[PDB]
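Here the structure is laid out as C-alpha cells; the discussion comes afterwards.
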Amino acid sequence: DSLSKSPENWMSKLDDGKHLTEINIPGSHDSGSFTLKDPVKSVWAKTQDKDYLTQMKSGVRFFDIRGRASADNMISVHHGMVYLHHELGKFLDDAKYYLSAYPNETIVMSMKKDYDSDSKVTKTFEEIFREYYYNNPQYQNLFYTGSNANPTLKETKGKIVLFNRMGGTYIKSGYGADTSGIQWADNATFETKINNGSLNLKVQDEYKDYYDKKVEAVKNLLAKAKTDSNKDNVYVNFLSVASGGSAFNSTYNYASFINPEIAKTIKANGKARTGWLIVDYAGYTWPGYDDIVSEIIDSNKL
Ligand SMILES: O[C@H]1[C@H](O)[C@@H](O)[C@H](O)[C@@H](O)[C@H]1O
C-alpha cells in the first residue's frame, strides 16, 4: 500500500500538477560506477552496485552522470580519471527502455564533465553532448525540450530532464540550461540562482566532510526543506561522501551508516518536503535498518 512497495512506478501515483522541485526524489551519486570490480579502485571510486535499469526499478529518478569526451562523437562514462567501461549511450538506451515500460515517471539526468578529453578530440564536451546525444535522432524526443524553467511532472512524463553541470550550454531546456550554467561551489553547502533567476538552487555537497560533519550537513538541509514550500526553490542533498584510504573506509562502508541514519530521520519526520537526496549504493539494503530510497519515496505526501 505504501508507495515504496511499488518503486517501479511511484511517480505515476502523484498529482502530476506538482513541479519536479516539490517532489522528494531519490538520486544516485556517480550512478554509472556499478561496473567497477577492482578492489583498490572500488574503495574510493565505486559508489553503486546496481546497474542503471535496476536503479530505476528500485525507484531512483535522479542520475548523477559523469563523462569524458573520448572521441568527437563519443562520451565515455567516468568517475574522474577512472573509466567506468561504458559510453553515455548505454544510460540513455536504458532510460528509454525504462520510461517506455513506465511512461508516467520522469528522470532527471545530471550531466558533468569529469575528465579531460582524449587528445584526438577537437570539440568541447558540451558540443559533443549537445550534437550527438541531446540532438541525436534516437533521443531528441526523449529529452524534455519545453521552455518551462520549472516543469511539472505532467510536462515531463516519459522524458529525461537535463540538470546541467557542464558549465555554459546552448541547450535551452532543463535546470541550468543557459549560457551561464550552474555556479557550483566546491565541498560546500551553497545556494545560487539558476535559469536566469527563475529558480533558487540550494545544495549540500560537502563531499570532503568527516562522518559526523556530513550527517549534520545533510540533516541541516533536510530541516530547511521541511519548512520550505517554495516551488521555485530546488533542493539537492548529497548523502555521499569521499572515502578514506582503506577497505573499511570505503564509500560503501560510509553509506552503510549514513543511509540508515538519514532514512530513520526521514521516517520519523512523517510526510514532509525533503528535496532531492543523492545517495551512494541506492537500493542496497541492510537487515534491520531503514532504507533510504524507500523512505525518500514514502516521504511524498499524497
Ligand atoms: O558529489 C561530489 C561533487 O559533485 C564534486 O564535483 C566531485 O568532485 C565529488 O567527487 C563528487 O562526488
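Ordering of the C-alpha cells sets the chain letters (A, B, ...), residue numbers begin anew at 1 in every chain, and ligands are numbered from 1 in the order given.
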Problem set entry | Test item, alpha helix (DSSP H) assignment across segment 9-251 of chain A, answer as a PyMOL selection string | chain A and resi 39-45+52-57+88-101+125-129+153-156+211-226+251
Selection export as a PDB file, in the first residue's frame, atoms kept: C-alpha atoms:
ATOM      1  CA  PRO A  39      39.201  -3.758  -5.101  1.00  0.00           C
ATOM      2  CA  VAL A  40      41.525  -0.791  -4.515  1.00  0.00           C
ATOM      3  CA  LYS A  41      39.844   1.462  -7.101  1.00  0.00           C
ATOM      4  CA  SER A  42      36.393   0.473  -5.799  1.00  0.00           C
ATOM      5  CA  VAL A  43      37.182   1.782  -2.299  1.00  0.00           C
ATOM      6  CA  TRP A  44      37.051   5.367  -3.497  1.00  0.00           C
ATOM      7  CA  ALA A  45      35.552   5.245  -6.995  1.00  0.00           C
ATOM      8  CA  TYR A  52      21.004   1.811 -14.393  1.00  0.00           C
ATOM      9  CA  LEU A  53      17.918  -0.279 -15.059  1.00  0.00           C
ATOM     10  CA  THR A  54      17.943  -1.842 -11.593  1.00  0.00           C
ATOM     11  CA  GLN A  55      18.431   1.587 -10.006  1.00  0.00           C
ATOM     12  CA  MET A  56      15.391   2.826 -11.911  1.00  0.00           C
ATOM     13  CA  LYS A  57      13.295  -0.198 -10.926  1.00  0.00           C
ATOM     14  CA  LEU A  88      26.690   7.596 -22.440  1.00  0.00           C
ATOM     15  CA  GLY A  89      24.562   5.740 -24.995  1.00  0.00           C
ATOM     16  CA  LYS A  90      24.084   2.846 -22.569  1.00  0.00           C
ATOM     17  CA  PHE A  91      22.482   5.086 -19.970  1.00  0.00           C
ATOM     18  CA  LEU A  92      20.178   6.771 -22.476  1.00  0.00           C
ATOM     19  CA  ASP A  93      19.190   3.419 -24.032  1.00  0.00           C
ATOM     20  CA  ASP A  94      18.373   2.133 -20.532  1.00  0.00           C
ATOM     21  CA  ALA A  95      16.474   5.278 -19.602  1.00  0.00           C
ATOM     22  CA  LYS A  96      14.453   4.992 -22.831  1.00  0.00           C
ATOM     23  CA  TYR A  97      13.626   1.325 -22.249  1.00  0.00           C
ATOM     24  CA  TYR A  98      12.536   2.095 -18.703  1.00  0.00           C
ATOM     25  CA  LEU A  99      10.435   5.167 -19.494  1.00  0.00           C
ATOM     26  CA  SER A 100       8.713   3.134 -22.203  1.00  0.00           C
ATOM     27  CA  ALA A 101       7.697   0.490 -19.641  1.00  0.00           C
ATOM     28  CA  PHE A 125      32.458  18.397 -24.094  1.00  0.00           C
ATOM     29  CA  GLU A 126      29.255  20.470 -24.248  1.00  0.00           C
ATOM     30  CA  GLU A 127      29.217  20.494 -28.057  1.00  0.00           C
ATOM     31  CA  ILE A 128      29.599  16.709 -28.282  1.00  0.00           C
ATOM     32  CA  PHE A 129      26.851  16.196 -25.720  1.00  0.00           C
ATOM     33  CA  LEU A 153       5.523  16.034 -13.628  1.00  0.00           C
ATOM     34  CA  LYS A 154       2.800  16.267 -16.290  1.00  0.00           C
ATOM     35  CA  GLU A 155       5.092  18.111 -18.723  1.00  0.00           C
ATOM     36  CA  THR A 156       7.979  15.715 -18.195  1.00  0.00           C
ATOM     37  CA  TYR A 211      31.281  11.346   9.035  1.00  0.00           C
ATOM     38  CA  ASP A 212      29.604  13.457  11.708  1.00  0.00           C
ATOM     39  CA  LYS A 213      30.047  16.717   9.787  1.00  0.00           C
ATOM     40  CA  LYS A 214      28.458  15.122   6.692  1.00  0.00           C
ATOM     41  CA  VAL A 215      25.471  13.688   8.582  1.00  0.00           C
ATOM     42  CA  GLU A 216      24.867  17.111  10.147  1.00  0.00           C
ATOM     43  CA  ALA A 217      25.141  18.877   6.808  1.00  0.00           C
ATOM     44  CA  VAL A 218      22.518  16.525   5.324  1.00  0.00           C
ATOM     45  CA  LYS A 219      20.157  16.990   8.303  1.00  0.00           C
ATOM     46  CA  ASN A 220      20.566  20.779   8.184  1.00  0.00           C
ATOM     47  CA  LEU A 221      19.429  20.962   4.563  1.00  0.00           C
ATOM     48  CA  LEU A 222      16.664  18.419   5.277  1.00  0.00           C
ATOM     49  CA  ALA A 223      15.431  20.709   8.035  1.00  0.00           C
ATOM     50  CA  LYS A 224      15.409  23.706   5.669  1.00  0.00           C
ATOM     51  CA  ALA A 225      13.418  21.797   3.029  1.00  0.00           C
ATOM     52  CA  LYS A 226      10.896  20.623   5.637  1.00  0.00           C
ATOM     53  CA  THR A 251      32.373   4.691   0.138  1.00  0.00           C
TER      54      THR A 251
END
Please identify every residue of segment 105-211 of chain A that has at least one atom no farther than 12 Å from an atom of segment 244-249 of chain A, counting only C-alpha atoms, and for each give the shortest atom pair and the distance in Å to one decimal, arranged by chain then increasing number, as CSV.
residue,atom,partner,partner_atom,distance
A:207,CA,A:244,CA,11.7
A:208,CA,A:244,CA,9.9
A:209,CA,A:244,CA,10.8
A:210,CA,A:244,CA,9.3
A:211,CA,A:244,CA,10.5
Grab the residues selected above and save them as a PDB file, in the first residue's frame with C-alpha atoms.
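The result, stored in again_6.pdb:
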ATOM      1  CA  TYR A 207      31.959  15.656  -0.153  1.00  0.00           C
ATOM      2  CA  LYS A 208      35.179  16.015   1.875  1.00  0.00           C
ATOM      3  CA  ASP A 209      33.413  16.044   5.283  1.00  0.00           C
ATOM      4  CA  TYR A 210      34.221  13.533   8.002  1.00  0.00           C
ATOM      5  CA  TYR A 211      31.281  11.346   9.035  1.00  0.00           C
TER       6      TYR A 211
END
Problem set entry | For residue 289 of chain A: contacts at 12 Å, only C-alpha atoms, fewer than 5 positions along chain excluded, given as a ChimeraX atom specification | /A:256-265,267,284,294-295
For this session: Go through the chains and note each residue within 9 Å of ligand 1, using only C-alpha atoms and all ligand atoms, then give the set as a list in words.
Result: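 The neighbouring residues of ligand 1 are, in order, residues 29, 30, 45, 64, 79, 80, 112, 114, 165, 184, 185, 186, 187, 205, 206, 207, 208, 238, 239, 240, 241, 242 and 278 of chain A.
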Exercise. Can you tell me how far atom CA of residue 160 of chain A sits from atom CA of residue 133 of chain A, in Å to one decimal?
Worked result: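 That distance, rounded to one decimal, is 11.9 Å.
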Problem set entry | Surrounding residues of segment 174-182 of chain A excluding itself and chain neighbours under 4 positions, 7 Å, only C-alpha atoms, as an MDAnalysis selection string | chainID A and resid 149 161:165 167:170 194:195
Exercise. Excluding same-chain residues fewer than 2 positions from residue 3 of chain A, what lies within 9 Å of it counting only C-alpha atoms, as a ChimeraX atom specification?
Worked result: /A:1,5-7,9-11,13,294,297-298,300
Seminar exercise, completed: Using only C-alpha atoms, the best pick from A:120, A:47, A:107, A:36 as closest to residue 71 of chain A would be A:120
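Computed from the coordinates, the atom CA of residue 172 of chain A to atom CA of residue 196 of chain A distance equals 11.4 Å.
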Exercise. Residue 233 of chain A: which residues within 8 Å, counting only C-alpha atoms, same-chain residues fewer than 3 positions away excluded, as a list in words?
Worked result: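 Using only C-alpha atoms, the neighbours found are residues 21, 199, 200, 201, 202 and 230 of chain A.
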